[PDB]
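So this block is final15.pdb, PDB, N, CA, C and O atoms:
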ATOM      1  N   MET A   1       3.818  11.303  -9.060
ATOM      2  CA  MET A   1       2.749  11.799  -8.146
ATOM      3  C   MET A   1       1.392  11.155  -8.474
ATOM      4  O   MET A   1       1.291  10.322  -9.376
ATOM      5  N   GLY A   2       0.349  11.543  -7.738
ATOM      6  CA  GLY A   2      -0.973  10.959  -7.938
ATOM      7  C   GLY A   2      -1.158   9.650  -7.178
ATOM      8  O   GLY A   2      -1.369   9.652  -5.964
ATOM      9  N   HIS A   3      -1.088   8.529  -7.889
ATOM     10  CA  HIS A   3      -1.165   7.212  -7.252
ATOM     11  C   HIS A   3       0.139   6.897  -6.494
ATOM     12  O   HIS A   3       1.191   6.689  -7.098
ATOM     13  N   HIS A   4       0.043   6.866  -5.168
ATOM     14  CA  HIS A   4       1.206   6.678  -4.289
ATOM     15  C   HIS A   4       1.848   5.289  -4.479
ATOM     16  O   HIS A   4       1.494   4.330  -3.795
ATOM     17  N   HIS A   5       2.785   5.191  -5.423
ATOM     18  CA  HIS A   5       3.481   3.928  -5.715
ATOM     19  C   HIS A   5       4.700   3.724  -4.805
ATOM     20  O   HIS A   5       5.458   4.664  -4.542
ATOM     21  N   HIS A   6       4.892   2.490  -4.346
ATOM     22  CA  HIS A   6       6.051   2.126  -3.522
ATOM     23  C   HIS A   6       6.926   1.087  -4.238
ATOM     24  O   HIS A   6       6.416   0.145  -4.848
ATOM     25  N   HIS A   7       8.243   1.256  -4.156
ATOM     26  CA  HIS A   7       9.181   0.322  -4.782
ATOM     27  C   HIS A   7       9.416  -0.913  -3.903
ATOM     28  O   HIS A   7       9.729  -0.796  -2.719
ATOM     29  N   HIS A   8       9.267  -2.093  -4.496
ATOM     30  CA  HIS A   8       9.519  -3.350  -3.789
ATOM     31  C   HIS A   8      11.033  -3.605  -3.658
ATOM     32  O   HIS A   8      11.472  -4.392  -2.817
ATOM     33  N   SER A   9      11.816  -2.936  -4.508
ATOM     34  CA  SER A   9      13.286  -3.009  -4.452
ATOM     35  C   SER A   9      13.829  -2.297  -3.208
ATOM     36  O   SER A   9      13.128  -1.502  -2.579
ATOM     37  N   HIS A  10      15.087  -2.566  -2.858
ATOM     38  CA  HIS A  10      15.665  -2.048  -1.613
ATOM     39  C   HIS A  10      16.983  -1.293  -1.865
ATOM     40  O   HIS A  10      17.952  -1.870  -2.353
ATOM     41  N   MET A  11      17.012  -0.003  -1.518
ATOM     42  CA  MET A  11      18.216   0.831  -1.698
ATOM     43  C   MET A  11      19.167   0.750  -0.487
ATOM     44  O   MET A  11      20.220   1.391  -0.470
ATOM     45  N   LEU A  12      18.791  -0.032   0.524
ATOM     46  CA  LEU A  12      19.621  -0.197   1.729
ATOM     47  C   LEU A  12      20.737  -1.245   1.513
ATOM     48  O   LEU A  12      21.893  -1.003   1.870
ATOM     49  N   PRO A  13      20.417  -2.440   0.964
ATOM     50  CA  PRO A  13      21.437  -3.404   0.542
ATOM     51  C   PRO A  13      21.865  -3.195  -0.926
ATOM     52  O   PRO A  13      21.027  -2.956  -1.795
ATOM     53  N   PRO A  14      23.175  -3.269  -1.230
ATOM     54  CA  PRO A  14      23.671  -3.130  -2.615
ATOM     55  C   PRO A  14      23.166  -4.243  -3.561
ATOM     56  O   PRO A  14      23.889  -5.196  -3.865
ATOM     57  N   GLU A  15      21.911  -4.130  -4.004
ATOM     58  CA  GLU A  15      21.335  -5.079  -4.968
ATOM     59  C   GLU A  15      21.878  -4.799  -6.379
ATOM     60  O   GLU A  15      22.397  -5.693  -7.051
ATOM     61  N   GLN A  16      21.751  -3.545  -6.813
ATOM     62  CA  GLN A  16      22.365  -3.074  -8.061
ATOM     63  C   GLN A  16      22.367  -1.538  -8.129
ATOM     64  O   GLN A  16      21.315  -0.895  -8.054
ATOM     65  N   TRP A  17      23.556  -0.954  -8.270
ATOM     66  CA  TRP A  17      23.697   0.503  -8.332
ATOM     67  C   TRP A  17      23.662   1.016  -9.777
ATOM     68  O   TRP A  17      24.699   1.250 -10.400
ATOM     69  N   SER A  18      22.454   1.153 -10.317
ATOM     70  CA  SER A  18      22.264   1.738 -11.648
ATOM     71  C   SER A  18      22.298   3.269 -11.579
ATOM     72  O   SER A  18      22.249   3.848 -10.491
ATOM     73  N   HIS A  19      22.366   3.920 -12.743
ATOM     74  CA  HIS A  19      22.404   5.389 -12.819
ATOM     75  C   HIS A  19      21.339   6.042 -11.916
ATOM     76  O   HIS A  19      21.641   6.957 -11.151
ATOM     77  N   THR A  20      20.096   5.565 -12.015
ATOM     78  CA  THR A  20      18.998   6.060 -11.167
ATOM     79  C   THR A  20      19.302   5.864  -9.673
ATOM     80  O   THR A  20      19.216   6.803  -8.884
ATOM     81  N   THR A  21      19.675   4.640  -9.299
ATOM     82  CA  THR A  21      19.962   4.299  -7.894
ATOM     83  C   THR A  21      21.027   5.228  -7.283
ATOM     84  O   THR A  21      20.831   5.790  -6.203
ATOM     85  N   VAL A  22      22.145   5.389  -7.986
ATOM     86  CA  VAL A  22      23.248   6.237  -7.516
ATOM     87  C   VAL A  22      22.855   7.725  -7.486
ATOM     88  O   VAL A  22      23.139   8.435  -6.520
ATOM     89  N   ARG A  23      22.189   8.186  -8.542
ATOM     90  CA  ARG A  23      21.801   9.599  -8.664
ATOM     91  C   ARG A  23      20.844  10.011  -7.528
ATOM     92  O   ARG A  23      20.999  11.082  -6.926
ATOM     93  N   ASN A  24      19.867   9.151  -7.236
ATOM     94  CA  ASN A  24      18.903   9.395  -6.153
ATOM     95  C   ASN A  24      19.570   9.366  -4.765
ATOM     96  O   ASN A  24      19.057   9.947  -3.808
ATOM     97  N   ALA A  25      20.707   8.688  -4.656
ATOM     98  CA  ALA A  25      21.475   8.664  -3.406
ATOM     99  C   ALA A  25      22.316   9.941  -3.247
ATOM    100  O   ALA A  25      22.294  10.594  -2.201
ATOM    101  N   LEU A  26      23.041  10.301  -4.308
ATOM    102  CA  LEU A  26      23.925  11.476  -4.303
ATOM    103  C   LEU A  26      23.180  12.772  -3.944
ATOM    104  O   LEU A  26      23.700  13.606  -3.201
ATOM    105  N   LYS A  27      21.957  12.934  -4.455
ATOM    106  CA  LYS A  27      21.210  14.190  -4.271
ATOM    107  C   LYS A  27      20.886  14.480  -2.790
ATOM    108  O   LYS A  27      20.630  15.628  -2.425
ATOM    109  N   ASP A  28      20.898  13.451  -1.938
ATOM    110  CA  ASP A  28      20.687  13.652  -0.496
ATOM    111  C   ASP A  28      22.001  13.953   0.239
ATOM    112  O   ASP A  28      22.018  14.712   1.210
ATOM    113  N   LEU A  29      23.096  13.363  -0.216
ATOM    114  CA  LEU A  29      24.412  13.654   0.361
ATOM    115  C   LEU A  29      24.840  15.093   0.023
ATOM    116  O   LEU A  29      25.275  15.851   0.891
ATOM    117  N   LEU A  30      24.655  15.464  -1.239
ATOM    118  CA  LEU A  30      25.077  16.770  -1.755
ATOM    119  C   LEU A  30      24.294  17.942  -1.127
ATOM    120  O   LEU A  30      24.860  19.008  -0.875
ATOM    121  N   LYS A  31      22.997  17.756  -0.871
ATOM    122  CA  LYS A  31      22.156  18.861  -0.378
ATOM    123  C   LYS A  31      22.570  19.347   1.025
ATOM    124  O   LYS A  31      22.212  20.455   1.426
ATOM    125  N   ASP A  32      23.338  18.532   1.758
ATOM    126  CA  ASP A  32      23.873  18.942   3.071
ATOM    127  C   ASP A  32      25.414  18.932   3.112
ATOM    128  O   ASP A  32      26.018  19.547   3.993
ATOM    129  N   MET A  33      26.046  18.236   2.171
ATOM    130  CA  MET A  33      27.511  18.225   2.074
ATOM    131  C   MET A  33      27.973  18.891   0.769
ATOM    132  O   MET A  33      27.576  18.483  -0.322
ATOM    133  N   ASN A  34      28.813  19.918   0.891
ATOM    134  CA  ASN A  34      29.289  20.686  -0.269
ATOM    135  C   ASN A  34      30.003  19.787  -1.298
ATOM    136  O   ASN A  34      30.625  18.788  -0.936
ATOM    137  N   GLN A  35      29.917  20.168  -2.578
ATOM    138  CA  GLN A  35      30.458  19.361  -3.685
ATOM    139  C   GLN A  35      31.899  18.886  -3.421
ATOM    140  O   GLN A  35      32.184  17.687  -3.465
ATOM    141  N   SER A  36      32.794  19.829  -3.140
ATOM    142  CA  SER A  36      34.206  19.505  -2.886
ATOM    143  C   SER A  36      34.380  18.669  -1.607
ATOM    144  O   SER A  36      35.127  17.691  -1.592
ATOM    145  N   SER A  37      33.685  19.053  -0.537
ATOM    146  CA  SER A  37      33.759  18.322   0.741
ATOM    147  C   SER A  37      33.244  16.878   0.602
ATOM    148  O   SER A  37      33.681  15.977   1.323
ATOM    149  N   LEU A  38      32.309  16.665  -0.324
ATOM    150  CA  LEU A  38      31.783  15.324  -0.608
ATOM    151  C   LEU A  38      32.805  14.516  -1.425
ATOM    152  O   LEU A  38      33.191  13.409  -1.041
ATOM    153  N   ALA A  39      33.249  15.088  -2.547
ATOM    154  CA  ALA A  39      34.242  14.441  -3.420
ATOM    155  C   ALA A  39      35.590  14.240  -2.707
ATOM    156  O   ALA A  39      36.448  13.492  -3.175
ATOM    157  N   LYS A  40      35.772  14.925  -1.580
ATOM    158  CA  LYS A  40      36.976  14.777  -0.756
ATOM    159  C   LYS A  40      37.055  13.378  -0.115
ATOM    160  O   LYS A  40      38.070  12.685  -0.231
ATOM    161  N   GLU A  41      35.986  12.966   0.570
ATOM    162  CA  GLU A  41      35.964  11.653   1.230
ATOM    163  C   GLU A  41      35.438  10.557   0.291
ATOM    164  O   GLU A  41      35.601   9.363   0.560
ATOM    165  N   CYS A  42      34.806  10.967  -0.805
ATOM    166  CA  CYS A  42      34.322  10.031  -1.829
ATOM    167  C   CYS A  42      35.404   9.772  -2.893
ATOM    168  O   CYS A  42      36.094  10.693  -3.315
ATOM    169  N   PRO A  43      35.573   8.514  -3.344
ATOM    170  CA  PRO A  43      36.615   8.155  -4.325
ATOM    171  C   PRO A  43      36.233   8.488  -5.782
ATOM    172  O   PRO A  43      36.889   8.035  -6.721
ATOM    173  N   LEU A  44      35.172   9.272  -5.965
ATOM    174  CA  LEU A  44      34.709   9.651  -7.304
ATOM    175  C   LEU A  44      35.283  11.010  -7.738
ATOM    176  O   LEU A  44      35.819  11.766  -6.925
ATOM    177  N   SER A  45      35.169  11.315  -9.028
ATOM    178  CA  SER A  45      35.689  12.573  -9.583
ATOM    179  C   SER A  45      34.684  13.720  -9.394
ATOM    180  O   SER A  45      33.518  13.606  -9.782
ATOM    181  N   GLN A  46      35.159  14.828  -8.823
ATOM    182  CA  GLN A  46      34.300  15.958  -8.433
ATOM    183  C   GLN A  46      33.398  16.453  -9.578
ATOM    184  O   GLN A  46      32.169  16.455  -9.457
ATOM    185  N   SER A  47      34.007  16.874 -10.683
ATOM    186  CA  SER A  47      33.255  17.441 -11.811
ATOM    187  C   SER A  47      32.309  16.406 -12.438
ATOM    188  O   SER A  47      31.230  16.755 -12.911
ATOM    189  N   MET A  48      32.707  15.131 -12.434
ATOM    190  CA  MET A  48      31.827  14.050 -12.905
ATOM    191  C   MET A  48      30.551  13.973 -12.054
ATOM    192  O   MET A  48      29.441  13.922 -12.591
ATOM    193  N   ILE A  49      30.712  13.976 -10.728
ATOM    194  CA  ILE A  49      29.562  13.993  -9.812
ATOM    195  C   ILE A  49      28.664  15.206 -10.101
ATOM    196  O   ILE A  49      27.446  15.080 -10.246
ATOM    197  N   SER A  50      29.292  16.373 -10.203
ATOM    198  CA  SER A  50      28.588  17.624 -10.528
ATOM    199  C   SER A  50      27.828  17.515 -11.861
ATOM    200  O   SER A  50      26.706  18.008 -11.995
ATOM    201  N   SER A  51      28.443  16.853 -12.841
ATOM    202  CA  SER A  51      27.828  16.666 -14.165
ATOM    203  C   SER A  51      26.631  15.709 -14.108
ATOM    204  O   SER A  51      25.644  15.904 -14.810
ATOM    205  N   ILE A  52      26.724  14.670 -13.279
ATOM    206  CA  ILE A  52      25.632  13.695 -13.133
ATOM    207  C   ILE A  52      24.377  14.338 -12.522
ATOM    208  O   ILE A  52      23.263  14.153 -13.023
ATOM    209  N   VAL A  53      24.563  15.100 -11.446
ATOM    210  CA  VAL A  53      23.445  15.763 -10.763
ATOM    211  C   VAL A  53      22.716  16.748 -11.695
ATOM    212  O   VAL A  53      21.488  16.842 -11.679
ATOM    213  N   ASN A  54      23.482  17.468 -12.514
ATOM    214  CA  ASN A  54      22.920  18.449 -13.454
ATOM    215  C   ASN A  54      22.968  17.936 -14.904
ATOM    216  O   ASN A  54      22.994  18.722 -15.851
ATOM    217  N   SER A  55      22.960  16.614 -15.067
ATOM    218  CA  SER A  55      23.038  15.991 -16.401
ATOM    219  C   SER A  55      21.841  16.357 -17.292
ATOM    220  O   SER A  55      20.796  15.700 -17.256
ATOM    221  N   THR A  56      21.999  17.424 -18.072
ATOM    222  CA  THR A  56      20.987  17.843 -19.052
ATOM    223  C   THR A  56      21.215  17.151 -20.402
ATOM    224  O   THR A  56      20.384  16.367 -20.863
ATOM    225  N   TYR A  57      22.349  17.449 -21.032
ATOM    226  CA  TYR A  57      22.730  16.816 -22.300
ATOM    227  C   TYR A  57      23.843  15.777 -22.087
ATOM    228  O   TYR A  57      24.195  15.030 -23.001
ATOM    229  N   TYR A  58      24.398  15.749 -20.872
ATOM    230  CA  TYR A  58      25.476  14.815 -20.516
ATOM    231  C   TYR A  58      25.072  13.355 -20.794
ATOM    232  O   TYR A  58      25.538  12.755 -21.763
ATOM    233  N   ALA A  59      24.207  12.803 -19.935
ATOM    234  CA  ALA A  59      23.646  11.450 -20.112
ATOM    235  C   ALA A  59      24.713  10.339 -20.050
ATOM    236  O   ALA A  59      24.719   9.526 -19.125
ATOM    237  N   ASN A  60      25.591  10.301 -21.050
ATOM    238  CA  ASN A  60      26.654   9.291 -21.148
ATOM    239  C   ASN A  60      27.535   9.228 -19.886
ATOM    240  O   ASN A  60      28.531   9.949 -19.769
ATOM    241  N   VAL A  61      27.162   8.356 -18.950
ATOM    242  CA  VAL A  61      27.918   8.165 -17.709
ATOM    243  C   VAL A  61      28.456   6.724 -17.597
ATOM    244  O   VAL A  61      27.796   5.764 -18.008
ATOM    245  N   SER A  62      29.661   6.590 -17.048
ATOM    246  CA  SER A  62      30.306   5.280 -16.861
ATOM    247  C   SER A  62      29.613   4.441 -15.775
ATOM    248  O   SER A  62      29.069   4.977 -14.808
ATOM    249  N   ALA A  63      29.652   3.119 -15.937
ATOM    250  CA  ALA A  63      29.054   2.198 -14.965
ATOM    251  C   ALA A  63      30.041   1.834 -13.842
ATOM    252  O   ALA A  63      29.635   1.546 -12.714
ATOM    253  N   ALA A  64      31.336   1.858 -14.154
ATOM    254  CA  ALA A  64      32.379   1.519 -13.176
ATOM    255  C   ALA A  64      32.281   2.381 -11.907
ATOM    256  O   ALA A  64      32.196   1.858 -10.794
ATOM    257  N   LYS A  65      32.265   3.705 -12.077
ATOM    258  CA  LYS A  65      32.157   4.632 -10.940
ATOM    259  C   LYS A  65      30.842   4.455 -10.146
ATOM    260  O   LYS A  65      30.634   5.118  -9.127
ATOM    261  N   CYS A  66      29.945   3.606 -10.638
ATOM    262  CA  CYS A  66      28.699   3.287  -9.924
ATOM    263  C   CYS A  66      28.847   2.000  -9.098
ATOM    264  O   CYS A  66      28.464   1.951  -7.928
ATOM    265  N   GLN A  67      29.425   0.962  -9.706
ATOM    266  CA  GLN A  67      29.669  -0.307  -9.009
ATOM    267  C   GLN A  67      30.680  -0.126  -7.864
ATOM    268  O   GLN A  67      30.488  -0.639  -6.759
ATOM    269  N   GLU A  68      31.764   0.601  -8.137
ATOM    270  CA  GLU A  68      32.752   0.930  -7.099
ATOM    271  C   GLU A  68      32.147   1.822  -6.007
ATOM    272  O   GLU A  68      32.579   1.786  -4.858
ATOM    273  N   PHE A  69      31.136   2.614  -6.371
ATOM    274  CA  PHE A  69      30.398   3.419  -5.389
ATOM    275  C   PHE A  69      29.623   2.504  -4.422
ATOM    276  O   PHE A  69      29.585   2.745  -3.217
ATOM    277  N   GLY A  70      29.013   1.450  -4.969
ATOM    278  CA  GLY A  70      28.333   0.454  -4.144
ATOM    279  C   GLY A  70      29.288  -0.327  -3.241
ATOM    280  O   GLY A  70      28.896  -0.826  -2.182
ATOM    281  N   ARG A  71      30.541  -0.448  -3.674
ATOM    282  CA  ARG A  71      31.589  -1.067  -2.856
ATOM    283  C   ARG A  71      32.016  -0.112  -1.732
ATOM    284  O   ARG A  71      32.140  -0.505  -0.569
ATOM    285  N   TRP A  72      32.230   1.151  -2.099
ATOM    286  CA  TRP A  72      32.542   2.212  -1.137
ATOM    287  C   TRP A  72      31.418   2.363  -0.097
ATOM    288  O   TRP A  72      31.676   2.587   1.085
ATOM    289  N   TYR A  73      30.174   2.222  -0.559
ATOM    290  CA  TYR A  73      28.985   2.272   0.303
ATOM    291  C   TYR A  73      29.138   1.344   1.522
ATOM    292  O   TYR A  73      28.829   1.722   2.656
ATOM    293  N   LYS A  74      29.639   0.131   1.270
ATOM    294  CA  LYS A  74      29.880  -0.855   2.329
ATOM    295  C   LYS A  74      30.930  -0.353   3.337
ATOM    296  O   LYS A  74      30.721  -0.412   4.545
ATOM    297  N   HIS A  75      32.054   0.148   2.827
ATOM    298  CA  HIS A  75      33.145   0.639   3.683
ATOM    299  C   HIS A  75      32.764   1.946   4.403
ATOM    300  O   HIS A  75      33.287   2.251   5.476
ATOM    301  N   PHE A  76      31.852   2.706   3.804
ATOM    302  CA  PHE A  76      31.408   3.987   4.360
ATOM    303  C   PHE A  76      30.445   3.792   5.546
ATOM    304  O   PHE A  76      30.643   4.357   6.623
ATOM    305  N   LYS A  77      29.400   2.991   5.342
ATOM    306  CA  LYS A  77      28.374   2.774   6.375
ATOM    307  C   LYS A  77      28.669   1.551   7.263
ATOM    308  O   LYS A  77      28.252   1.510   8.422
ATOM    309  N   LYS A  78      29.377   0.560   6.715
ATOM    310  CA  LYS A  78      29.678  -0.688   7.439
ATOM    311  C   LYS A  78      28.369  -1.390   7.864
ATOM    312  O   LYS A  78      28.176  -1.745   9.029
ATOM    313  N   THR A  79      27.488  -1.609   6.888
ATOM    314  CA  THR A  79      26.125  -2.117   7.136
ATOM    315  C   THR A  79      26.068  -3.637   7.352
ATOM    316  O   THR A  79      25.069  -4.270   6.998
ATOM    317  N   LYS A  80      27.109  -4.213   7.961
ATOM    318  CA  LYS A  80      27.213  -5.677   8.110
ATOM    319  C   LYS A  80      27.390  -6.343   6.728
ATOM    320  O   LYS A  80      27.093  -5.729   5.699
ATOM    321  N   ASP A  81      27.884  -7.585   6.710
ATOM    322  CA  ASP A  81      28.291  -8.254   5.462
ATOM    323  C   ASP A  81      29.564  -7.591   4.906
ATOM    324  O   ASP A  81      29.502  -6.551   4.248
ATOM    325  N   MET A  82      30.722  -8.186   5.189
ATOM    326  CA  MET A  82      32.006  -7.575   4.832
ATOM    327  C   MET A  82      33.026  -8.616   4.335
ATOM    328  O   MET A  82      33.674  -9.294   5.131
ATOM    329  N   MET A  83      33.140  -8.740   3.012
ATOM    330  CA  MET A  83      34.166  -9.583   2.369
ATOM    331  C   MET A  83      34.100 -11.060   2.827
ATOM    332  O   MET A  83      33.151 -11.770   2.419
TER     333      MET A  83
END
Starting from the file, give its structure as structure tokens.
Amino acid sequence: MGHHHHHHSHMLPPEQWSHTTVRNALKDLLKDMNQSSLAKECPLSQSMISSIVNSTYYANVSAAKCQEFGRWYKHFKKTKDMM
């Protein structure tokens, strides 16, 4: 807050799905789509997703489920550029 900073990076094209990038995306899907209903169409593990959103002492998260999420992102939205 305070000084209104803007990111020059782009969350629309899969540039790199780091813990921050993925976490900031999930929190918008989850707030309107229930945990189970989300993990249903998503190829990720339900309790893992739940642990990431509420990661207090968790922290230690795998990178694979993030890169594959960026791959799923393409098949989910179909934002042009396909294989």
Item to check | Straight-line distance linking atom N of residue A:58 with atom O of residue A:35, stated in Å to one decimal | outcome: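 One can read the atom N of residue A:58 to atom O of residue A:35 distance as 19.2 Å.
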Next on the checklist: Can you pull out every residue from stretch 38-72 of chain A that DSSP, working from the backbone, puts in helix (DSSP H, G or I), and format the result as a list in words?
Outcome noted: residues 38, 39, 40, 41, 46, 47, 48, 49, 50, 51, 52, 53, 64, 65, 66, 67, 68, 69, 70, 71 and 72 of chain A
Next on the checklist: Residue by residue, what does the PyMOL selection byres ((chain A and resi 61-72) around 8) grab here? Present the result as a PyMOL selection string.
Outcome noted: chain A and resi 13-19+22+41+43-45+48+52+58-60+73-78
Checklist entry - Hey, can you check how far atom O of residue A:10 sits from atom N of residue A:40? => result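 The value is 24.5 Å.
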Checklist entry - Suppose you want the space between atom C of residue A:50 and atom C of residue A:12; what is it in Å? => result 24.1 Å
